[PDB]
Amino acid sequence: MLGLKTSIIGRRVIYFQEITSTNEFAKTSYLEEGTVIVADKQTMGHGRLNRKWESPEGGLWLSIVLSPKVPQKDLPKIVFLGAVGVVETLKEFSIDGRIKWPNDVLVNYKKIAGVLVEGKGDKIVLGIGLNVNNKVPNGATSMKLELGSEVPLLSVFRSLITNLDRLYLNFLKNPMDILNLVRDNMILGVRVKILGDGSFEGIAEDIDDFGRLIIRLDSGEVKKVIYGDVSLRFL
């Protein structure tokens, strides 16, 4: 009854009033590619590492099941599909979102969405959390806060699924295309701090052909950061 016209992503959609985590459900259950897992709220929303993702009602919390027949080298770009897709849907709603490497979407520097990719077996789970009408943690923002009025969640859902379906289909044919869209939509030419041990600081110059953030330290040294137990903070 949703009448989705997408080719792959959205062929099936499993909705929950409540759930622990759409990402967890997605990787522990057998699902055909393109299946979307979505819930009104998550009791155990997951961020990177052991971080929690606040998932109260009013937001868009979903996971998509993928099984891309592309070289292993390209898989790390899946997170960018989610991020660019969010940016595209925000634009449709007249909101300018900017990507903060490697998985965040910011609006005027406030986090409005986060992307979490997990790969179990030949299956890949693309998780996306977008604040729409829900209240958010201090420092974050939502579509409702940016526009001044509630946005129909289903309208956002349809827009995002349509955008992701297109990005994904192109990704399967032209896997390097997404990087271009990312460069044109991410925060660069600014100073950042790379936490963790070996912690350093420098200017985020660009992302390379593998999706690595290229940083120029004050000494002129160039480091290439791969995203994992990695965290980027502005300063």
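The first residue of the sequence shown is number 1, and the count goes up from there.
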property: Mean Cα B-factor comparison, 69-77 or 139-147, giving the higher one as deposited; result: 69-77
property: Comparing 221-229 with 207-215, the one whose average Cα B-factor in the PDB entry is higher; result: 221-229
property: Ranked C-alpha temperature factor of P56 among modelled chain residues, by third; result: middle
property: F200, C-alpha B-factor rank within chain (lowest, middle or highest third); result: highest
property: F157 - Cα temperature factor, lowest/middle/highest third of chain; result: lowest
property: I8 - Cα temperature factor, lowest/middle/highest third of chain; result: lowest
property: Record-listed C-alpha B factor of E88: chain third; result: lowest
